[PDB]
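A single structure is presented below for examination.
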Amino acid sequence: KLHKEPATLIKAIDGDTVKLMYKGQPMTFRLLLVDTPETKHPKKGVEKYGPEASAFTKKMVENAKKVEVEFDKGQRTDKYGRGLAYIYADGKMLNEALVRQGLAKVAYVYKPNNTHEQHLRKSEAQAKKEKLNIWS
């Protein structure tokens, strides 16, 4: 059973990566199950909707009263040392909000870190149907 724990903003980095203070330490988090267009992609550099995704995450996270992180049931860090979590700003999941606005796709999913996969696939179907952003 998943639970939310509190965290504090340090810096938004990209559409899908944020640095937070978590249990008293700075830590980089990568949003579970979504891929945003990148502004510092290792190879392509700046992709279309990169700046828009990155601004959406930044505004949502900077204007929140309360930020919480929710780990999934599997590994809690990736190979780069980033925390793998669902991030909530005032109780709304940022991972879902990005997919809903057509600013992210649902990622390739690695069981058992797939608890909210179906929920996110439903939001992406809606964004596609509305032809938002990525999908226009």
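What you see of chain A is 88-223, where the numbers are those given in Swiss-Prot.
Backbone N, Cα and C atoms are what each Cβ position is placed from, and that goes for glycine too.
Pasting the feature list from Swiss-Prot:
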type     : residues               : note
BINDING  : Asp103, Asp122, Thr123 : Ca(2+) binding site
ACT_SITE : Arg117                 : active site
ACT_SITE : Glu125                 : active site
ACT_SITE : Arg169                 : active site
COMPBIAS : 203-219                : compositional bias 'Basic and acidic residues'
Quick one: of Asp103, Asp122, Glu125, which of the recorded positions has the smallest count of other CB atoms within 10 A?
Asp122
Across all the protein chains here, work out how many other Cβ atoms are within 10 Å of the Cβ of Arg117 (active site).
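If we count other Cβ atoms within 10 Å of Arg117 (active site), we arrive at 20.
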What Cα-Cα separation, expressed in whole Å, is found between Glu125 (active site) and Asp103 (Ca(2+) binding site)?
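Roughly 9 Å, rounded to the nearest whole number.
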Look up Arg117 (active site) in the DSSP assignment and reduce it to helix, strand or coil.
strand
Work out how many Å separate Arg169 (active site) and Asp103 (Ca(2+) binding site) at their Cα atoms, rounded off.
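Pair distance, Cα basis, whole Å: 11 Å.
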Find, among the recorded positions listed as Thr123, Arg169, the one whose Cβ has the highest number of other Cβ atoms within 10 Å in the structure shown.
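Comparing the recorded positions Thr123, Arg169, the most crowded Cβ belongs to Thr123.
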